[PDB]
Amino acid sequence: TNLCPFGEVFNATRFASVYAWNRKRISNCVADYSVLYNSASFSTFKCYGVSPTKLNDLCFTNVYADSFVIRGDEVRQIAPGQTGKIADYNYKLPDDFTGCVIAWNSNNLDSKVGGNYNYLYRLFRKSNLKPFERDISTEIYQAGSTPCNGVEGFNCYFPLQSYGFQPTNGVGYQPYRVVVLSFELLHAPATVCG
Amino acid sequence: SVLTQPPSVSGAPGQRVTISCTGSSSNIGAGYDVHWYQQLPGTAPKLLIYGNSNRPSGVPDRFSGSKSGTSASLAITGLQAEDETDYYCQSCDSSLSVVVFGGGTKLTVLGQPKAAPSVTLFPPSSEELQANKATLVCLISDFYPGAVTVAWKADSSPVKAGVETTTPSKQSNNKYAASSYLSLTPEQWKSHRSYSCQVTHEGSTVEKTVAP
Amino acid sequence: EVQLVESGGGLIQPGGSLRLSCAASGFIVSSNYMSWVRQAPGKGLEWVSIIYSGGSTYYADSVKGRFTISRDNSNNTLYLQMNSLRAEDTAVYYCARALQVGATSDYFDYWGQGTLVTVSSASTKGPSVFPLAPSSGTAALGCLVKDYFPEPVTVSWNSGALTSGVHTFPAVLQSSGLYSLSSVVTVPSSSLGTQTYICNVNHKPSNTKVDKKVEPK
Ligand SMILES: *[C@@H]1O[C@H](CO)[C@@H](O)[C@H](O)[C@H]1NC(C)=O
């Protein structure tokens, strides 16, 4: 009966690109939600299927932690029922979501003076992601009626594109590390309690 | 108009004209890039610059772009008269997640020699007189610059009711044409001894006269 | 290889409805950010609607609830169903492919020609075409296209094969609310008896097709 490892997913040094978003499963542990309410640093903390404060005295079968980096102006898309480029082609929550979305500004870490180009978003996809899908393909997107045959050009576009995170950007285009906790409830016996 | 551009700018051929686009912290200051479109009147817009400064294939290196803080700028070097068109900038705004356009800019290309106007005054057709109507047409061709002052007269009395006059546009020869119309009744037309179209171009008036 | 061709525009009573169509070739609409941008006559550009490659749709606040952007794979077509049309909806409606490929914001890199939507309670009226008999070593003749509504009017001479010295003017909007334009031709005085001049006038809103030979007098 040892701790839940939220310190290694929240306090982690390197963060995924949103299109290739990371996922840490959380099983068989006792969860100190204290580190969430006592943080000051979070810019977002909306919960969905649960009451945000009662997290302590609650029990779950499995908890999942998803981490990635987006713009400030995009955090409003990491929430059930939202649409748009991130929600449609990078990371969608079910409508029946039960969990908490957490974010915080990371301009000081994830920006660089010439722009940090490590962090990527998918700009093109033929279909909206289904919820919790992850698409890491790098095929050339075919906007035209003729095949691209492995050559980018007119109507033939690489599907990923980079944020140009410079520290001088407006808040809208500053980076924000995001953590999405999924509280899974299965008929099987619980393993994540307080 | 969210983004704000000068209503008009001017230049002579071979020069370098710049058109500014000022936004705010909800668009250009939010880090949404600026794009620039060219539209010739009567036609469709054409992407000229995207992503602040990139040129689509087919846009000569004469056109360039830039963005600083909340303003952005279109530079046209080696100005040619084919660039005498409307220009629009465009960004996206985050306050209202909607793409926003500037108000537009009309670029006038200057430095051509003065050409005086040719004035032809058409009396009402007989077919129009049968239709109990009467229009005097005053065509004004081949002038530069495109700026005229039309004044009508009935006999020796100026007339201002019933005038409609067009805004000059380039002909097929790059000189400008304009037109003014005088609306009359058939009874008015036959009851005066003459009418006159009197176009004043650059201090100099050309007059033309017809009669029943 | 690539084309966008819009149609559907006309004259509609306020409150009425209309469906604009944008036929594409080269572009697969279903795979693209497609968009409707409009422009009131003499005025600036205003975005209207967009539809995402995966199907998401957004709308200018002016049209939210009234306008619907959809697409068809069979016809490879983009549509805009415009209901409860108000006067201020009067404009030329453009169809555009949208991209974000070198930028942090979206742009429209290829545009169609535009289809004109006029919402008004004025009924259509055909033009009356009158000849302007030649006058002054050159000469000018032409055609007066008067009292029509609404825009536009197209004018050609000699079934389009007389192009020299031909100038068609911007219409004027008269006190009456009706438009009137003239198309002139500058010709050699020497040619005056030899050549034959006939203006072809076409007012598609009223389905008026008129010719008019312009003889001297
Ligand atoms: C992250 O580190 C801080 C101090 O560096 C620590 O107090 C905090 O508990 C850590 N966060 C988590 C979720 O363990």
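Within every chain, numbering begins at 1; the chains are lettered A, B, ... in the order of the sequence lines, protein sequences first and strands thereafter.
- Of the charged side-chain nitrogens involved, none lies within less than 4.0 Å of a carboxylate oxygen, so that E6(C) and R38(C) do not count as a salt-bridged pair.
- For a residue to count as touching a neighbouring chain, one of its non-hydrogen atoms must lie under 4.5 Å from one of that chain's; by this rule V166(C) touches chain B with the backbone only.
- Only the backbone of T165(B) comes within contact range of chain C, with heavy atoms under 4.5 Å apart.
- Listed in order of number, the residues of residues 127-146 of chain C that approach chain B to under 4.5 Å between heavy atoms are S128(C), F130(C), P131(C), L132(C), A133(C), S135(C), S136(C), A140(C), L141(C), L144(C), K146(C).
- The aromatic rings of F101(B) and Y37(B) are tilted relative to each other, their planes meeting at an angle between 30° and 60°.
- Only the side chain of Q39(C) comes within contact range of chain B, judged by heavy atoms closer than 4.5 Å.
- With a 4.5 angstrom heavy-atom cutoff, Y107(C) touches chain B via backbone and side-chain atoms both.
- Both the backbone and the side chain of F108(C) come within contact range of chain B, each with at least one heavy atom under 4.5 Å from a heavy atom of that chain.
- Residue contact with chain B, scored on non-hydrogen atoms closer than 4.5 Å, involves the backbone of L173(C) exclusively.
- Taking the six-membered ring for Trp and the full ring otherwise, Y93(C) and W36(C) have centroids separated by 6.0 Å or more.
- The part of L121(B) that comes within reach of chain C is its backbone (N, CA, C, O), which places non-hydrogen atoms under 4.5 angstrom from that chain.
- Proximity to chain C is limited to the backbone of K170(B), based on heavy atoms less than 4.5 angstrom apart.
- A salt bridge is absent between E128(B) and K133(B); no separation between the charged side-chain nitrogens and carboxylate oxygens falls under 4.0 Å.
- Atom CG of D211(C) is separated from atom OG of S159(C) by 7.0 Å, given to the nearest 0.5 angstrom.
- Sorted by first and then second residue, the salt bridge (charged side-chain N to carboxylate O under 4.0 Å, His left out) pairs with a member in residues 175-195 of chain B form an empty list; sequence neighbours excluded.
- Residue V137(B) touches chain C through its side chain alone, counting heavy-atom pairs closer than 4.5 Å.
- Comparing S175(C), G114(C), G44(C), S182(C) by how many heavy-atom pairs each has under 4.5 Å with chain B, the most go to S182(C).
- In this structure, chain C has a heavy atom under 4.5 Å from the side chain of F122(B), while its backbone stays farther away.
- When only modelled atom types and interatomic distance are considered, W157(C) and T163(C) share no side-chain donor-acceptor pair under 3.5 Å.
- In this structure, chain C has heavy atoms under 4.5 Å from both the backbone and the side chain of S179(B).
- In this structure, the portions of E127(B) lying under 4.5 Å from any heavy atom of chain C include both its backbone and its side chain.
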